[PDB]
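upload_23.txt (compact mmCIF, N, CA and C atoms) appears below.
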# COMPACT_ATOMS: atom_id res chain seq x y z
N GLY A 1 101.16 114.45 125.29
CA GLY A 1 102.16 114.16 124.27
C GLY A 1 101.55 113.36 123.12
N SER A 2 102.41 112.67 122.40
CA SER A 2 101.97 111.86 121.28
C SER A 2 102.79 110.56 121.22
N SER A 3 104.09 110.72 121.06
CA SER A 3 104.99 109.58 120.98
C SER A 3 104.79 108.69 122.21
N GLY A 4 105.06 109.27 123.37
CA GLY A 4 104.92 108.54 124.62
C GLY A 4 106.25 108.48 125.37
N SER A 5 106.97 107.39 125.14
CA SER A 5 108.26 107.20 125.79
C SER A 5 109.37 107.14 124.74
N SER A 6 110.51 107.71 125.09
CA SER A 6 111.65 107.73 124.19
C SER A 6 112.15 106.30 123.95
N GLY A 7 112.50 106.03 122.70
CA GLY A 7 112.99 104.71 122.33
C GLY A 7 112.18 104.13 121.17
N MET A 8 111.39 103.12 121.49
CA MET A 8 110.56 102.47 120.48
C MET A 8 109.35 101.80 121.12
N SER A 9 108.18 102.38 120.87
CA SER A 9 106.95 101.85 121.42
C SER A 9 106.92 100.33 121.25
N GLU A 10 106.76 99.90 120.01
CA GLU A 10 106.72 98.48 119.71
C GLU A 10 106.29 98.27 118.25
N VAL A 11 105.45 99.17 117.78
CA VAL A 11 104.96 99.09 116.41
C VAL A 11 106.10 99.40 115.44
N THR A 12 106.99 100.27 115.89
CA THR A 12 108.13 100.65 115.08
C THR A 12 108.99 99.43 114.73
N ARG A 13 108.97 98.46 115.64
CA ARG A 13 109.73 97.24 115.45
C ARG A 13 109.09 96.38 114.36
N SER A 14 107.77 96.42 114.31
CA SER A 14 107.03 95.66 113.33
C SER A 14 107.29 96.22 111.93
N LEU A 15 107.59 97.51 111.89
CA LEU A 15 107.86 98.18 110.63
C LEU A 15 109.18 97.66 110.05
N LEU A 16 110.26 97.93 110.77
CA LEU A 16 111.57 97.49 110.34
C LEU A 16 111.47 96.06 109.78
N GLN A 17 110.51 95.33 110.30
CA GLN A 17 110.30 93.95 109.87
C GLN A 17 109.67 93.93 108.47
N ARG A 18 108.42 94.36 108.41
CA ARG A 18 107.71 94.39 107.14
C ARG A 18 108.53 95.13 106.09
N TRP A 19 109.28 96.12 106.55
CA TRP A 19 110.11 96.91 105.65
C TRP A 19 111.23 96.00 105.14
N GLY A 20 112.07 95.57 106.07
CA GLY A 20 113.19 94.70 105.72
C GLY A 20 112.71 93.49 104.92
N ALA A 21 111.43 93.19 105.07
CA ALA A 21 110.84 92.06 104.37
C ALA A 21 110.59 92.44 102.91
N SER A 22 110.38 93.73 102.70
CA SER A 22 110.14 94.24 101.36
C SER A 22 111.42 94.16 100.52
N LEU A 23 112.45 94.84 101.01
CA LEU A 23 113.73 94.85 100.33
C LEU A 23 114.17 93.41 100.05
N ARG A 24 114.24 92.63 101.12
CA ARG A 24 114.64 91.24 101.01
C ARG A 24 113.97 90.59 99.80
N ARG A 25 112.67 90.81 99.70
CA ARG A 25 111.90 90.25 98.61
C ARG A 25 112.21 90.99 97.30
N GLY A 26 112.03 92.30 97.35
CA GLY A 26 112.29 93.13 96.19
C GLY A 26 113.52 92.64 95.42
N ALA A 27 114.44 92.05 96.16
CA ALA A 27 115.66 91.53 95.57
C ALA A 27 115.39 90.13 95.00
N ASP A 28 114.79 89.29 95.82
CA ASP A 28 114.47 87.94 95.41
C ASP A 28 113.97 87.95 93.97
N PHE A 29 113.13 88.94 93.68
CA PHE A 29 112.57 89.08 92.35
C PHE A 29 113.67 89.33 91.31
N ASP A 30 114.46 90.35 91.58
CA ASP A 30 115.55 90.71 90.68
C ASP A 30 116.32 89.44 90.30
N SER A 31 116.95 88.85 91.30
CA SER A 31 117.73 87.64 91.08
C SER A 31 116.99 86.72 90.11
N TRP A 32 115.83 86.25 90.54
CA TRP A 32 115.02 85.37 89.71
C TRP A 32 114.87 86.02 88.34
N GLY A 33 114.02 87.04 88.29
CA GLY A 33 113.77 87.75 87.05
C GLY A 33 112.40 88.43 87.08
N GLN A 34 112.10 89.05 88.21
CA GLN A 34 110.84 89.74 88.38
C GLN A 34 111.07 91.23 88.61
N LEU A 35 111.65 91.87 87.60
CA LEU A 35 111.93 93.29 87.67
C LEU A 35 110.64 94.04 88.02
N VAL A 36 109.61 93.80 87.23
CA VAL A 36 108.33 94.44 87.44
C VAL A 36 107.98 94.39 88.93
N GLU A 37 107.69 93.19 89.40
CA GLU A 37 107.35 92.99 90.80
C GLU A 37 108.38 93.67 91.70
N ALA A 38 109.64 93.48 91.35
CA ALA A 38 110.73 94.07 92.11
C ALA A 38 110.47 95.57 92.29
N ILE A 39 110.47 96.27 91.17
CA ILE A 39 110.24 97.71 91.19
C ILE A 39 109.13 98.03 92.18
N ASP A 40 107.96 97.45 91.92
CA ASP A 40 106.81 97.67 92.79
C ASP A 40 107.26 97.62 94.25
N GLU A 41 107.79 96.47 94.63
CA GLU A 41 108.26 96.28 96.00
C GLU A 41 109.08 97.48 96.45
N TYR A 42 110.17 97.72 95.72
CA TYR A 42 111.04 98.84 96.03
C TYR A 42 110.25 100.14 96.18
N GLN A 43 109.59 100.51 95.09
CA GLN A 43 108.80 101.73 95.08
C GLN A 43 107.89 101.78 96.31
N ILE A 44 106.97 100.83 96.37
CA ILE A 44 106.03 100.75 97.48
C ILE A 44 106.78 101.02 98.78
N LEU A 45 107.83 100.24 99.00
CA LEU A 45 108.64 100.37 100.20
C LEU A 45 109.19 101.80 100.27
N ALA A 46 109.63 102.28 99.12
CA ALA A 46 110.19 103.62 99.04
C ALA A 46 109.13 104.64 99.47
N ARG A 47 107.97 104.53 98.84
CA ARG A 47 106.87 105.43 99.15
C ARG A 47 106.63 105.48 100.66
N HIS A 48 106.64 104.31 101.27
CA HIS A 48 106.43 104.20 102.70
C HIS A 48 107.54 104.96 103.44
N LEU A 49 108.77 104.69 103.02
CA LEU A 49 109.92 105.34 103.63
C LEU A 49 109.67 106.84 103.73
N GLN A 50 109.06 107.38 102.68
CA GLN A 50 108.76 108.80 102.64
C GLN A 50 107.61 109.12 103.59
N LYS A 51 106.53 108.37 103.44
CA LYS A 51 105.35 108.56 104.28
C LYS A 51 105.80 108.78 105.73
N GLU A 52 106.94 108.18 106.06
CA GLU A 52 107.48 108.30 107.40
C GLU A 52 108.50 109.44 107.47
N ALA A 53 109.21 109.61 106.37
CA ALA A 53 110.22 110.66 106.29
C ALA A 53 109.53 112.02 106.23
N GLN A 54 108.78 112.23 105.16
CA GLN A 54 108.07 113.48 104.97
C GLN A 54 106.97 113.62 106.02
N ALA A 55 106.37 112.49 106.37
CA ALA A 55 105.31 112.48 107.36
C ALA A 55 104.18 113.40 106.90
N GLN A 56 103.09 113.37 107.66
CA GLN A 56 101.94 114.19 107.34
C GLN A 56 101.98 115.50 108.14
N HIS A 57 102.20 115.35 109.44
CA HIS A 57 102.26 116.51 110.32
C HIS A 57 103.64 116.56 110.99
N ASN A 58 104.67 116.43 110.17
CA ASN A 58 106.03 116.46 110.67
C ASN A 58 106.11 115.68 111.98
N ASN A 59 105.28 114.65 112.06
CA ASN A 59 105.25 113.81 113.25
C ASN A 59 106.37 112.78 113.18
N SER A 60 106.12 111.73 112.40
CA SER A 60 107.10 110.67 112.23
C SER A 60 107.31 109.94 113.56
N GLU A 61 106.88 108.69 113.59
CA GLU A 61 107.01 107.88 114.78
C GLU A 61 108.49 107.75 115.18
N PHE A 62 109.35 108.07 114.22
CA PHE A 62 110.78 108.00 114.45
C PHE A 62 111.37 109.39 114.68
N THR A 63 112.57 109.41 115.26
CA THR A 63 113.25 110.66 115.53
C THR A 63 113.61 111.37 114.22
N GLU A 64 114.49 112.35 114.35
CA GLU A 64 114.92 113.11 113.19
C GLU A 64 116.09 112.41 112.50
N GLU A 65 116.97 111.85 113.32
CA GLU A 65 118.13 111.14 112.81
C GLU A 65 117.70 109.86 112.09
N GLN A 66 116.54 109.36 112.48
CA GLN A 66 116.01 108.15 111.89
C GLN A 66 115.36 108.46 110.54
N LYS A 67 114.24 109.17 110.61
CA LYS A 67 113.51 109.54 109.41
C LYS A 67 114.51 109.93 108.31
N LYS A 68 115.53 110.67 108.72
CA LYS A 68 116.55 111.11 107.78
C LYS A 68 116.91 109.95 106.85
N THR A 69 117.47 108.90 107.45
CA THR A 69 117.87 107.73 106.69
C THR A 69 116.67 107.18 105.90
N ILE A 70 115.57 107.00 106.61
CA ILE A 70 114.36 106.48 106.00
C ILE A 70 114.07 107.27 104.72
N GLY A 71 114.04 108.58 104.86
CA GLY A 71 113.77 109.46 103.73
C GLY A 71 114.87 109.34 102.68
N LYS A 72 115.99 108.78 103.10
CA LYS A 72 117.12 108.60 102.20
C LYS A 72 117.02 107.24 101.52
N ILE A 73 116.92 106.20 102.34
CA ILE A 73 116.82 104.85 101.83
C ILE A 73 115.95 104.85 100.57
N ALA A 74 114.86 105.60 100.65
CA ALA A 74 113.94 105.70 99.52
C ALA A 74 114.71 106.11 98.27
N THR A 75 115.39 107.24 98.38
CA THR A 75 116.17 107.75 97.27
C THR A 75 116.84 106.61 96.51
N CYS A 76 117.65 105.85 97.23
CA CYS A 76 118.34 104.72 96.64
C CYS A 76 117.34 103.90 95.82
N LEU A 77 116.25 103.53 96.49
CA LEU A 77 115.21 102.75 95.85
C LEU A 77 114.88 103.37 94.49
N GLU A 78 114.47 104.63 94.53
CA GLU A 78 114.12 105.35 93.31
C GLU A 78 115.15 105.06 92.21
N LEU A 79 116.36 104.75 92.65
CA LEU A 79 117.43 104.45 91.71
C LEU A 79 117.31 103.00 91.25
N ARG A 80 117.18 102.11 92.23
CA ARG A 80 117.05 100.69 91.93
C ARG A 80 115.90 100.45 90.95
N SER A 81 114.70 100.75 91.42
CA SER A 81 113.51 100.57 90.60
C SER A 81 113.77 101.12 89.20
N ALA A 82 114.22 102.36 89.15
CA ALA A 82 114.50 103.01 87.88
C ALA A 82 115.54 102.18 87.11
N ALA A 83 116.62 101.85 87.80
CA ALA A 83 117.68 101.06 87.20
C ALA A 83 117.07 99.92 86.39
N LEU A 84 116.02 99.33 86.95
CA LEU A 84 115.34 98.23 86.30
C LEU A 84 114.64 98.74 85.04
N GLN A 85 113.82 99.77 85.24
CA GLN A 85 113.09 100.36 84.13
C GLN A 85 114.05 100.83 83.04
N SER A 86 115.05 101.59 83.47
CA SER A 86 116.04 102.11 82.54
C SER A 86 116.48 101.00 81.58
N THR A 87 116.57 101.38 80.31
CA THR A 87 116.97 100.44 79.28
C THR A 87 118.34 100.82 78.71
N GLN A 88 118.41 102.05 78.20
CA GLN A 88 119.65 102.55 77.63
C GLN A 88 120.53 103.16 78.72
N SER A 89 121.13 102.29 79.52
CA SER A 89 121.99 102.74 80.60
C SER A 89 122.55 101.53 81.35
N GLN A 90 123.47 101.82 82.26
CA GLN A 90 124.09 100.77 83.05
C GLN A 90 125.15 101.36 83.99
N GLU A 91 124.71 102.31 84.80
CA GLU A 91 125.60 102.97 85.74
C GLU A 91 124.81 103.53 86.92
N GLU A 92 123.65 102.94 87.15
CA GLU A 92 122.79 103.37 88.24
C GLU A 92 123.08 102.55 89.50
N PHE A 93 122.03 102.34 90.28
CA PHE A 93 122.16 101.57 91.51
C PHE A 93 122.13 100.07 91.23
N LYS A 94 122.90 99.34 92.02
CA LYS A 94 122.98 97.90 91.87
C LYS A 94 122.21 97.23 93.01
N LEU A 95 122.38 95.92 93.11
CA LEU A 95 121.72 95.15 94.15
C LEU A 95 122.46 95.34 95.47
N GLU A 96 123.75 95.02 95.45
CA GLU A 96 124.58 95.15 96.63
C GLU A 96 124.36 96.52 97.28
N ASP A 97 124.37 97.55 96.44
CA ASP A 97 124.18 98.91 96.92
C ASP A 97 122.77 99.04 97.50
N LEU A 98 121.87 98.21 97.00
CA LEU A 98 120.50 98.23 97.46
C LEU A 98 120.39 97.44 98.77
N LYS A 99 120.94 96.23 98.74
CA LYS A 99 120.92 95.37 99.91
C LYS A 99 121.69 96.04 101.05
N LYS A 100 122.44 97.07 100.68
CA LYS A 100 123.23 97.80 101.66
C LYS A 100 122.30 98.55 102.61
N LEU A 101 121.02 98.55 102.26
CA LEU A 101 120.02 99.22 103.07
C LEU A 101 119.29 98.19 103.93
N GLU A 102 119.39 96.94 103.51
CA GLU A 102 118.75 95.85 104.23
C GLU A 102 119.05 95.96 105.73
N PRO A 103 120.36 96.10 106.05
CA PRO A 103 120.78 96.21 107.43
C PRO A 103 120.47 97.60 107.99
N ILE A 104 120.86 98.61 107.23
CA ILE A 104 120.63 99.99 107.63
C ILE A 104 119.24 100.11 108.25
N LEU A 105 118.23 99.83 107.44
CA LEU A 105 116.85 99.90 107.89
C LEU A 105 116.76 99.34 109.31
N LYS A 106 117.32 98.15 109.48
CA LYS A 106 117.31 97.49 110.77
C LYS A 106 118.14 98.31 111.76
N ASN A 107 119.33 98.70 111.31
CA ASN A 107 120.23 99.48 112.15
C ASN A 107 119.90 100.97 111.98
N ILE A 108 118.61 101.26 111.91
CA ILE A 108 118.15 102.63 111.75
C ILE A 108 118.34 103.38 113.07
N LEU A 109 117.94 102.73 114.15
CA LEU A 109 118.06 103.32 115.47
C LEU A 109 119.54 103.52 115.80
N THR A 110 120.34 102.54 115.42
CA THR A 110 121.77 102.60 115.67
C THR A 110 122.51 103.06 114.42
N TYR A 111 122.00 104.13 113.83
CA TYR A 111 122.61 104.69 112.63
C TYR A 111 123.26 106.04 112.92
N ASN A 112 124.59 106.03 112.93
CA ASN A 112 125.34 107.24 113.19
C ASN A 112 125.60 107.97 111.87
N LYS A 113 124.53 108.13 111.11
CA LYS A 113 124.62 108.81 109.83
C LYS A 113 125.86 108.31 109.08
N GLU A 114 126.19 109.02 108.01
CA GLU A 114 127.35 108.66 107.20
C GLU A 114 126.96 107.59 106.18
N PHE A 115 125.90 107.87 105.45
CA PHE A 115 125.42 106.94 104.43
C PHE A 115 126.55 106.55 103.48
N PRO A 116 126.56 105.24 103.11
CA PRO A 116 127.57 104.72 102.21
C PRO A 116 127.29 105.16 100.77
N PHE A 117 126.24 105.95 100.61
CA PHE A 117 125.86 106.44 99.30
C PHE A 117 125.51 107.93 99.35
N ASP A 118 125.45 108.53 98.17
CA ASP A 118 125.13 109.94 98.07
C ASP A 118 123.65 110.10 97.73
N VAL A 119 122.83 110.11 98.77
CA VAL A 119 121.39 110.25 98.59
C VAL A 119 120.86 111.25 99.62
N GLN A 120 120.26 112.31 99.11
CA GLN A 120 119.70 113.34 99.97
C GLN A 120 118.38 112.87 100.58
N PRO A 121 118.08 113.40 101.79
CA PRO A 121 116.85 113.04 102.49
C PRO A 121 115.64 113.72 101.85
N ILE A 122 114.74 112.89 101.33
CA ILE A 122 113.54 113.39 100.69
C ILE A 122 112.66 114.08 101.74
N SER A 123 112.40 115.36 101.49
CA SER A 123 111.58 116.14 102.40
C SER A 123 112.28 116.27 103.76
N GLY A 124 111.80 117.23 104.54
CA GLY A 124 112.37 117.46 105.86
C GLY A 124 112.93 118.88 105.97
N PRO A 125 112.78 119.47 107.19
CA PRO A 125 113.27 120.81 107.44
C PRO A 125 114.79 120.83 107.57
N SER A 126 115.42 121.59 106.69
CA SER A 126 116.87 121.70 106.70
C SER A 126 117.28 123.12 107.10
N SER A 127 118.53 123.24 107.54
CA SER A 127 119.05 124.52 107.96
C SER A 127 118.26 125.05 109.16
N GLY A 128 118.90 125.01 110.32
CA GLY A 128 118.26 125.48 111.54
C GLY A 128 118.45 124.48 112.68
Target format structure tokens, applied to this file:
Amino acid sequence: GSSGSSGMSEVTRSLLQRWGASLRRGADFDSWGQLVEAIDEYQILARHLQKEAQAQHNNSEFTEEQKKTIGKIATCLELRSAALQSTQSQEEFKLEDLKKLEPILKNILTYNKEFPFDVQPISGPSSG
């Protein structure tokens, strides 16, 4: 096999951490006034979300129901980061809507789908 045992090896737990640590921070910047740094954080974190969502060999240390969200959470990010970059606008993603992923990420394993937002899962085999 590859995964090993169903559930969570242990490294996956370290992720949700470093991950949740990103968003948490990515926000800290916003509040203060570090959009630049913020974006980076979000993006970087977003990119990672994909690296796990899209995966390299459709592996993904996480299940399908998990990666789904992961691949989604990113989407939101793409909005947040952009929201920052965006100048002539003011109807994109907000913080609350962003921090709304803070828990999700953590409650990824215990995520019965039904995202509070309209964000499609980046990459992944659909239909079938």
Exercise for review: Write down as number ranges by chain the residues belonging to chain A that are assigned alpha helix (DSSP H) by DSSP computed on the backbone.
Suggested key: A: 11-32, 35-53, 64-85, 96-99, 101-106
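Using only N, CA and C atoms, the smallest distance between any of A:79, A:108, A:35, A:74 and residue 49 (chain A) comes from A:74.
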Exercise for review: For each of A:26, A:103, A:71, A:20, take the minimum atom-to-atom distance to residue 119 (chain A), counting only C-alpha atoms, then give the residue where this is smallest.
Suggested key: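 Closest to residue 119 (chain A), using only C-alpha atoms: A:71.
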Practice item. Name the closest residue to residue 16 (chain A) among the candidates A:128, A:113, A:102, A:53; distances are taken between atoms, counting only C-alpha atoms. Key: A:102
Exercise for review: Identify which of the residues A:101, A:96, A:42, A:36 lies closest to residue 84 (chain A), counting only N, CA and C atoms when measuring atom-to-atom distances.
Suggested key: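 Of all the options, A:36 lies closest to residue 84 (chain A).
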Practice item. Do a neighbour search on residue 50 (chain A) at 7 Å with only N, CA and C atoms, toss out local chain neighbours closer than 2 positions, and write the hits as a count of residues only. Key: 12
Since fewer atoms than expected are present, regenerate N, CA, C and O atoms for region 29-42 of chain A and write them as a compact mmCIF listing (two decimals), in the frame of the given file.
# COMPACT_ATOMS: atom_id res chain seq x y z
N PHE A 29 113.13 88.94 93.68
CA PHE A 29 112.57 89.08 92.35
C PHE A 29 113.67 89.33 91.31
O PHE A 29 113.77 88.61 90.32
N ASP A 30 114.46 90.35 91.58
CA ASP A 30 115.55 90.71 90.68
C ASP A 30 116.32 89.44 90.30
O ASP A 30 116.34 89.05 89.14
N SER A 31 116.95 88.85 91.30
CA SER A 31 117.73 87.64 91.08
C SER A 31 116.99 86.72 90.11
O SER A 31 117.49 86.45 89.01
N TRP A 32 115.83 86.25 90.54
CA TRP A 32 115.02 85.37 89.71
C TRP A 32 114.87 86.02 88.34
O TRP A 32 115.49 85.59 87.37
N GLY A 33 114.02 87.04 88.29
CA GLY A 33 113.77 87.75 87.05
C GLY A 33 112.40 88.43 87.08
O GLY A 33 111.67 88.39 86.09
N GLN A 34 112.10 89.05 88.21
CA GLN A 34 110.84 89.74 88.38
C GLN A 34 111.07 91.23 88.61
O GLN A 34 110.73 91.76 89.66
N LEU A 35 111.65 91.87 87.60
CA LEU A 35 111.93 93.29 87.67
C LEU A 35 110.64 94.04 88.02
O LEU A 35 110.61 94.81 88.98
N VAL A 36 109.61 93.80 87.23
CA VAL A 36 108.33 94.44 87.44
C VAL A 36 107.98 94.39 88.93
O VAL A 36 107.98 95.42 89.60
N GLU A 37 107.69 93.19 89.40
CA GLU A 37 107.35 92.99 90.80
C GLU A 37 108.38 93.67 91.70
O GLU A 37 108.02 94.33 92.67
N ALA A 38 109.64 93.48 91.35
CA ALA A 38 110.73 94.07 92.11
C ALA A 38 110.47 95.57 92.29
O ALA A 38 110.28 96.04 93.41
N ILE A 39 110.47 96.27 91.17
CA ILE A 39 110.24 97.71 91.19
C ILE A 39 109.13 98.03 92.18
O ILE A 39 109.34 98.77 93.14
N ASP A 40 107.96 97.45 91.92
CA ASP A 40 106.81 97.67 92.79
C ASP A 40 107.26 97.62 94.25
O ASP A 40 107.13 98.60 94.98
N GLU A 41 107.79 96.47 94.63
CA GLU A 41 108.26 96.28 96.00
C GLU A 41 109.08 97.48 96.45
O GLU A 41 108.73 98.15 97.42
N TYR A 42 110.17 97.72 95.72
CA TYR A 42 111.04 98.84 96.03
C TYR A 42 110.25 100.14 96.18
O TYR A 42 110.25 100.76 97.24
